[PDB]
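Atom set for the values below is all heavy atoms of this structure, side chains included, hydrogens, waters and symmetry mates excluded. Chain letters run A, B, ... following the sequence lines, proteins first and then strands; every chain starts at 1. Counting starts at 1 for both ligands and their atoms, following the listed order.
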2 protein chains.
Amino acid sequence: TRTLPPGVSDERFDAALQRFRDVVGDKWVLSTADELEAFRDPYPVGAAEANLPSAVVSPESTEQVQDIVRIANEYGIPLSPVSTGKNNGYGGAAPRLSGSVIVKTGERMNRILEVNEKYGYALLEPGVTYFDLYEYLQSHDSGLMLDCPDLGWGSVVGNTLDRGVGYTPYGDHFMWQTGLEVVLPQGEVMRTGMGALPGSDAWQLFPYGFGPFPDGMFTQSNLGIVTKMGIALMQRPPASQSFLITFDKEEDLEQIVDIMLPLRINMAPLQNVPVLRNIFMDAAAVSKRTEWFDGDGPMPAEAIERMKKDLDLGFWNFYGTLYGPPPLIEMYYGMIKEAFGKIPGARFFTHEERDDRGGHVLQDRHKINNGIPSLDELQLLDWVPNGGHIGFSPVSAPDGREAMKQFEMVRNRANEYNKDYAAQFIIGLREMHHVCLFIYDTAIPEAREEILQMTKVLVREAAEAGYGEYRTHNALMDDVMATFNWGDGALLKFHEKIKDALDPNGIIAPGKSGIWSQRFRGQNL
Amino acid sequence: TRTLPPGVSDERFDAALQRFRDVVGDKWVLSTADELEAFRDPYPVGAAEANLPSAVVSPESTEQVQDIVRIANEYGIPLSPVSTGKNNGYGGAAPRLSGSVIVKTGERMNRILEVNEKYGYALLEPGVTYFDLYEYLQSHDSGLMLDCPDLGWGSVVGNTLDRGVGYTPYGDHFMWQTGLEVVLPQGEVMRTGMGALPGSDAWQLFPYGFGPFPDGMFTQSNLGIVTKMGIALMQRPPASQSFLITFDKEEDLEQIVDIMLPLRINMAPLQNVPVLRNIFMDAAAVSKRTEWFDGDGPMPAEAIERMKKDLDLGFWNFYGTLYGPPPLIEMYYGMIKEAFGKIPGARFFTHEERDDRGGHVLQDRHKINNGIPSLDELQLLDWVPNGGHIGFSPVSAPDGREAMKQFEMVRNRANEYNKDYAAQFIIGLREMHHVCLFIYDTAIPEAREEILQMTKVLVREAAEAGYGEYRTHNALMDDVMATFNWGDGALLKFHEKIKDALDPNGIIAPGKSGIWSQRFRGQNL
Ligand SMILES: *Cc1cc2c(cc1C)nc1c(=O)[nH]c(=O)nc-1n2C[C@H](O)[C@H](O)[C@H](O)COP(=O)(O)OP(=O)(O)OC[C@H]1O[C@@H](n2cnc3c(N)ncnc32)[C@H](O)[C@@H]1O
Ligand SMILES: *Cc1cc2c(cc1C)nc1c(=O)[nH]c(=O)nc-1n2C[C@H](O)[C@H](O)[C@H](O)COP(=O)(O)OP(=O)(O)OC[C@H]1O[C@@H](n2cnc3c(N)ncnc32)[C@H](O)[C@@H]1O
Ligand SMILES: C/C=C/c1ccc(O)c(OC)c1
Ligand SMILES: C/C=C/c1ccc(O)c(OC)c1
């Protein structure tokens, strides 16, 4: 049947659609079943249908966004804002609440408003992709570099709004976000920071402004539709060098992490955001599962050994980058070798030293860690047919015992539900994002349901061990928010109060981060 | 006459006081005229009496803070939270709204809850001063260092909650804040970030947690009473060196700033937060005004030259610190000399090369910039009798011309109101906090009034030129918030909406940052 917003009739939904067309143009509102297929989660989770959009609206400007918001308030139509809608692993462009209208800001609001070479910043609309900004920087012979996630087709803005991550020293996107413009849930427009001071030139210079600092409240949030965002850009260093350290054993995880911490916490000699990837992650990037194993169930030990040998990789593979004058690089690299060289079986390779298939990941990281966006990691989804992934993404202390515990816990369930567990620890100064990608066949109802049930188990079991997720998929948002229930669910109650105050009609992305406005609470969708 | 909360009778106040004594104990509620004299602003602004507390309550736990808040809500009594109450220049411990009860959290909530050597952080109650944490670190032979403002008697927490600043690489306090516990305006308690996850070890490891990120909303804010805060701590480097560069001309300001920017924006060779201080600031630190000029008006140029010559300082004096192995320090100092040595008249001194009176500020910065707290700068307040100061603190782009225009704009009004303009530019990566301290005799009603009128003029003039303040005094909060009125006052309306939703009875620090809850709006308070 036609997907309709909750509580809204065919007839009223038709009238609302026409008003959206009055604002944006007929070509810029999609509402047929065929046209909406493209906006389904590409990596669906759960057997049953879920996260169904009712329409897609593509506004050209902040004023059109305002008008759309006003219409949605009058009709009681929920709006789900995206930038580019490439949140794959977490839902793609699909709304948490079925029946919502997707507001695809990035389709037409895709301008680079300013790149300031002197002060090292950009001012962006939501449709500027990493590729788009890279092209700009290259075209203008900029001395600045961007910080990108693994896939360059996402949005500088949109990735930041979900507190996404990259891998240069500017890898904490939200840290470097400076100023934003947002349309609030009843249609009012607001600028944060120094941008609230008319005529200031400091909107991208000083993030805080005056008074309570609100920008974080627009991240992983349903408090508005963001229309402009600033971000600091790092100066490109004079030289760089990337390296891979292979570690032979699953059980080396503990020592790897413990040796890493003292080298990272001061931002030297580990200057970039290191990643520690398991052999499933690296093999999926360069090969299909049937190259190593075509039986049933989890891949046997002997098959794991063949991936390692054929690709010349370890069970754990550490990738980092160094920057600066050549002698600084050499000094740092020497320190890294000496430290991690304690682990029996450790082998080191720079980006100049390996040109082979297994080395493809190191070459990709050398691009990414130098702000050169890439789509090479899309190959991961060829690991099994109709491949998809979901991101289960607990936070870990930068402690080997903790990391090992988390690894063992996830691996036990992955094996039990027959899903391959590819791991990427993303290593900050004092924490790691432990990204667990389960790669699966999206066509098969039981695969999708095992994914859902396995990840619900892992959310709960992680939380019982004191671990929480940094980011999650539409299907897990209620379960993850339910783990952050210190003080009798104080955090969620606080969010809901602000939600209801700013969005009295319950319009913007209901259910994002488990935050449902009053009219939807307790309805279980 | 007895100071009472607004619309609260003598008897209703006496009843409240009793309820507060029941919670905290008799000794820990102050309510006599002369016990309250000590909580008046030490540097009063304006001729007329303002910012009068009705009582001070000193809780020993979060549970007590919750009960005090519940009592206040029942009675309609405003509560103005402070940590140590040393926000001198901006109000001291005094409340914005006369008749509020000061909640002096730090008197008895003064425990160092954790200092973690491995992960480099502290979890703190509000009463922990910089001197307290320093003593802890020294006693335990820690490898960590703290980051302090110029006066060590403040609160690690309280300073961060007003987005205050220090001078090491960790000098953006709010940037390094990681987790907090807050009592919300009806008495609910909440932990942010990973602290919301029961049993997490990552409260001080990963700041954002899950969902909308709220910690900024409790800074320069009246949304709660903070009871615990975490902060990252830097590893002490193996060596450090501080330096002074003196510049001879008032007109050198533009070139100093333009040369500085490329050396600062990448955190090297200017690793620390540089300060650029004028001769008035440095002379006040070491000498009284009457040493150089006796006369009620602006200091003549010949007296300025005498200050410079006797103290062997410039009109502009640049202070920085370098850290790391001794060869790194040498490369960076050499670069700094080569760049700033292009300004005619520039002279360079390390912390080993001055033992004279004018060198005293260098020695003090060498402490501060190494996380060694000091109160030597209290000498500034001896510039004139009964000395006080107010901070007029605009943000500047790191542009020489902008810094010069601000300098000239402020200097001109200072002349007109007969106040000396002491300047300290605090230089971030992409912005400067341009702190203007006006030092005056707090005992002369007319001087307190000129300070008020002058600074009201400066706020308006600066906003007409596109400059806003990062932080301000109780007397200026409304005027400063009024400058940030892009989009017909959008930012303030947003803040009011949240305030009213969290604080329906209008209890917590009414008027902080210009944010008044519903029962107080449109009033002359
Ligand atoms: C499958 C996968 C995913 C992945 C990755 C590797 C693989 C194989 N590596 C990643 C990495 O290195 N770092 C990282 O942060 N994420 C990584 N991913 C996940 C995903 O690809 C990316 O994060 C991607 O950049 C996110 O998608 P996009 O950038 O297109 O962002 P979006 O879908 O438009 O928005 C995400 C959410 O943010 C909120 N949002 C977005 N725009 C707005 C506006 N304008 N206003 C309000 N809120 C907005 C929404 O919640 C939206 O859903
Ligand atoms: C006169 C002066 C001041 C000064 C300075 C040099 C001189 C000569 N140099 C400074 C510097 O280098 N950096 C800096 O940040 N400030 C400097 N100042 C100003 C002042 O001395 C310090 O900032 C000082 O540390 C601040 O005072 P304190 O640390 O005691 O903090 P507070 O008065 O307790 O709190 C300030 C405000 O924060 C909010 N607050 C505080 N505690 C709470 C709790 N628990 N809950 C909610 N809000 C709280 C209040 O708004 C409070 O007024
Ligand atoms: C190789 C995968 C990287 C990744 C990093 C961070 C994420 O949140 C993520 O989500 C699917 C994926
Ligand atoms: C020497 C003055 C330092 C200072 C720095 C930052 C401030 O906000 C400030 O305010 C009174 C003072």
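Checked against a 3.5 angstrom limit, the closest N/O atoms of A:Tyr167 and ligand 1 fall inside it. Residue A:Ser83 places at least one N or O, backbone or side chain, under 3.5 Å from an N or O of ligand 1. By the 3.5 Å distance cut-off applied to N or O atoms, A:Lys86 is counted among the residues near ligand 1. Close N/O approach between A:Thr84 and ligand 1 is found [any backbone or side-chain N/O within under 3.5 Å]. Below 3.5 Å of separation, one finds no N or O of A:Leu437 facing any N or O of ligand 1.
Heavy-atom separations between A:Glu377 and ligand 3 include at least one value shorter than 4.0 Å. Residue contact annotation: A:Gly85 has a non-hydrogen atom under 4.0 Å from ligand 1. Using a non-hydrogen distance threshold of 4.0 Å, A:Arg471 registers as a contact of ligand 1.
Ligand 1 places these atoms under 4.0 Å from at least one heavy atom of A:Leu380: 8 (C). Every atom of ligand 1 is numbered from 1 in the order shown, and the set under 4.0 Å from a heavy atom of A:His389 is 1 (C), 2 (C), 3 (C), 7 (C), 8 (C). Within the listing of ligand 3, atoms 7 (C), 8 (O), 9 (C), 10 (O), 11 (C) sit less than 4.0 angstrom from a heavy atom of A:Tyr90. For ligand 1, the atoms lying closer than 4.0 Å to a non-hydrogen atom of A:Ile225 are 46 (N). In summary, the atoms of ligand 1 found under 4.0 Å from a heavy atom of A:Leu151, numbered by their order in the structure, are 2 (C), 7 (C).
Checked options A:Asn370, A:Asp150, A:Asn317; the residue passing with A:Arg365 is A:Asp150 (criterion: side chain to side chain donor-acceptor pair (under 3.5 Å)).
Considering only non-hydrogen atoms, atom 45 (N) of ligand 1 lies nearest to A:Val226 out of A:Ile102, A:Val226, A:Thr219, A:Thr160. Among A:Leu381, A:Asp162, A:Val435, the residue whose heavy atom lies closest to atom 37 (C) of ligand 1 is A:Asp162.
Of all protein heavy atoms, the one lying nearest to atom 4 (C) of ligand 4 is B:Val435 CG1, 3.9 Å. With hydrogens left out, the protein atom closest to atom 5 (C) of ligand 3 is A:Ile426 CD1, 3.4 Å, a heavy atom. The nearest protein atom to atom 31 (O) of ligand 1, hydrogens excluded, is given as A:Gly158 C, 3.6 Å; this is a heavy-atom distance. Residue, atom and distance of the protein heavy atom nearest to atom 29 (O) of ligand 1 are A:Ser155 N, 2.9 Å.
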